[PDB]
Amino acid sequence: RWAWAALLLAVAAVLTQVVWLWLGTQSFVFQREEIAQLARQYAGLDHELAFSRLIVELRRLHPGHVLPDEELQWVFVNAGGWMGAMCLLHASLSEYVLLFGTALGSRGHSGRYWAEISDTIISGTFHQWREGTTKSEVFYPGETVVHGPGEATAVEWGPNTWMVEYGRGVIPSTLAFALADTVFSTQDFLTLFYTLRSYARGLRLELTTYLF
């Protein structure tokens, strides 16, 4: 039975080799500039219409990578002390695209992620206070703010602020932060479920499209 341990790690070595090759020869659906430019084009429109225009345009540029209307949903997000709402459009293990914002405004912890996040503002104001500094910056509609991996900032959204968010990195690691307050502060298990389901729907889509 000692040889069975060798066979166990034999196929384990090959499978891990298959995965490694796949993770490295994998390409991305979206470009950072692509998402930013679309949002910048629509920022002058009311956010409701801007959202609709952007979703339609994303679907024609990348069919089979954007969730259907039947699976689009606004779900509150409580994390880092702030509160907003998001609508997931695309979600894989390496990328996501979502609409985010708040009608009341909010402040808190940007989060510390294993990913690069790009927020292009559609309406309102985004205040950013970078770690190590004692001054803040403000971004306005049409402008894109990037959150590098391992960076942590204090953020503030003004009343009625909305943005398109494009994330790239280890996406399942971001859920730990995004659902923290939901678990320990709001106890909103229903919201917790809606979030996980939306991610599942996004993963479901990307899997079928890749398989056709």
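All residue numbers are counted from 1 along the displayed sequence.
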Give the stretch, out of 51 to 59 and 23 to 31, with the larger mean C-alpha temperature factor in the deposited entry.
-> 23 to 31
With B-factors read from the PDB entry, the higher C-alpha mean of 153 to 161 and 62 to 70 is in 62 to 70
In terms of the chain's CA B-factor thirds, is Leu179 lowest, middle or highest?
-> middle
Relative to the other modelled residues in the chain, which third contains the C-alpha temperature factor of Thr144: lowest, middle or highest?
-> lowest
